[PDB]
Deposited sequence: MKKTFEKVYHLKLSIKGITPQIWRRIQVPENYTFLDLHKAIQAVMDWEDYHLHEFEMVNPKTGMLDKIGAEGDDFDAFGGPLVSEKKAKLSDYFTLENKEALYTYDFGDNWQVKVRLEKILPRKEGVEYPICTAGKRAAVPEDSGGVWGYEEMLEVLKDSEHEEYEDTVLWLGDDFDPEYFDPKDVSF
């Protein structure tokens, strides 16, 4: 029911070193489907509002794509294949309108799907995803700065916040569940 797969890079904006994942999705995917794959690779919980911003190749205008309300394009309707091409390869995804997480979505390759492979898949990634509610790029980096100093006044509060086992550099693509 689809032939090709989109090889996408997803990067959290504003944090360095870069937190990223590479996933392959069915070409017939809607934006809703993609929202869910993003939530999956980032280990997010879908608590908050989201939206995509992308140039529409048929118009050259910037479309906003998100949940069905009654100027907004419906993500259940909008197909990736109507927007992503090789000369229109990037989208912006915002999740959490308080913390304002932004994921860059870049199409790198469109390829025939592989026999027996169950899509979507996560092929690679670097770094732990930002935890939910962690205060945006600024809030998360402040916590990581604290972590570098076990004598910091709020070191113990930061450990409690992020948990004992938290490792900012831990990611394994086989932990992702779509």
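- Residues of the deposited sequence lacking C-alpha coordinates, numbered from 1, fall in the stretches 1-3, 74-80.
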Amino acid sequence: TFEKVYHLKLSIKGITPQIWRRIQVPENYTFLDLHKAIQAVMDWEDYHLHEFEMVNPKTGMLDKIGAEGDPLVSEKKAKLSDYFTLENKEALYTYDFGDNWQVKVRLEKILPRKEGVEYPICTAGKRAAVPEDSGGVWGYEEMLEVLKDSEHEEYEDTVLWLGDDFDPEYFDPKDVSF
From here on, numbers count along this sequence of modelled residues.
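- Of the two segments, 120-128 and 144-152, the one listed with the higher mean B-factor is 144-152 (C-alpha atoms only).
- The deposited model assigns a higher average Cα B-factor to 111-119 than to the other stretch when 111-119 and 129-137 are compared.
- The residue among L162, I15, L10, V25 whose C-alpha carries the highest B-factor in the deposited model is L162.
- Annotation for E87: CA B-factor lies in the highest third of the chain's modelled residues.
- When all modelled residues of the chain are sorted by CA temperature factor, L72 is found within the highest third.
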